[PDB]
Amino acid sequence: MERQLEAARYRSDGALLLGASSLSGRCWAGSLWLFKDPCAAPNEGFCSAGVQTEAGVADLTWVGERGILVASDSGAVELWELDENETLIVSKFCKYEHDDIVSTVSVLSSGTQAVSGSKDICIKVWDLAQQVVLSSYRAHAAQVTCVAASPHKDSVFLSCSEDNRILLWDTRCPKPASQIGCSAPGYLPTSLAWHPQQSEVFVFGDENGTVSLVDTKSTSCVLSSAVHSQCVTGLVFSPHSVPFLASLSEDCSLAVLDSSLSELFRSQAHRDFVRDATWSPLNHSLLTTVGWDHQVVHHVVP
């Protein structure tokens, strides 16, 4: 296995998906692993299935139950199909359509379409079935940091970029993209999480370690907090009835927050960058973080 763990995503059933990159040494590749025992990770010897990619992995997402969508350094988006027994991970397609590192992917509410965000500034809408690009949108002026699909709508998704713009999309409009966010130009957006039970509101984290709560409808920054000392690299909402927000950072800390962004838990178990987090669908008080310190920590959330 490669040293730098990038992605960590629990399936419906409780299986753990791991994306990882080589970010130093002779080979700068990547790999995808499945761990039917989530407590057995990161150990290669006790893994259910694993595979080597041509090149590293910037972001990763489930495409249902046997589908893995990969954002490759190579500028390719990769769909990996699981085996009929779930022992193998086989390349379904690998399409070189971006001109620079694919840095983010997100699957749309349907799950036959997805949206990628590259460092080439373009965002693209994908048909996972036909394996082609439907739309190619150059909305931004800088490398695209994060794209996040609407939980419940195919035509709607967020994106943010080093050009300081957060774009609400809607592929139904003839001018799809729309620029929202706080009054003045704050610090750059870094991470986007939709709210699971209010498809009207979302949260974005900035490069200055501030997480902010936003109402699209009301397009006004209701609330924010100084959670991390450094850039906010990922945000995941708990599957809980009234959900918790998990904020990842380059300050090597996990924080979990309520609905007014007050601090509840805090974990410095990581001693390198915290990269991803998924909540256990089986125990809604378990949360599984990975980092660049090759650790796979399982947290108990009060």
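Counting begins at 1, following the sequence as shown. We call the rigid core the largest set of C-alpha positions that still match within 1.5 Å between the two forms.
Per-stretch RMS Cα distance to the displayed form in 6 other deposited structures of this protein, following rigid core alignment, is highest for 173-181 when 201-209 and 173-181 are compared. Here the stretch with the larger average CA B-factor, out of 127-135 and 216-224, is 216-224. Mean CA temperature factor is higher for 89-97 when stretches 89-97 and 154-162 are set side by side in the entry. You'll see in the entry that, of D170, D73, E207, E200, the Cα B factor peaks at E200.
Split the chain's modelled residues into thirds by C-alpha temperature factor. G56 is in the lowest one.
Compared with the other modelled residues of the chain, the Cα B-factor recorded for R271 ranks in the middle third.
For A277, the recorded CA B-factor ranks within the lowest third of the chain. Only modelled residues enter the ranking. Among all modelled residues in its chain, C231 ranks in the lowest third by Cα B-factor.
Sorting the modelled residues of the chain by their CA temperature factor places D251 in the lowest third.
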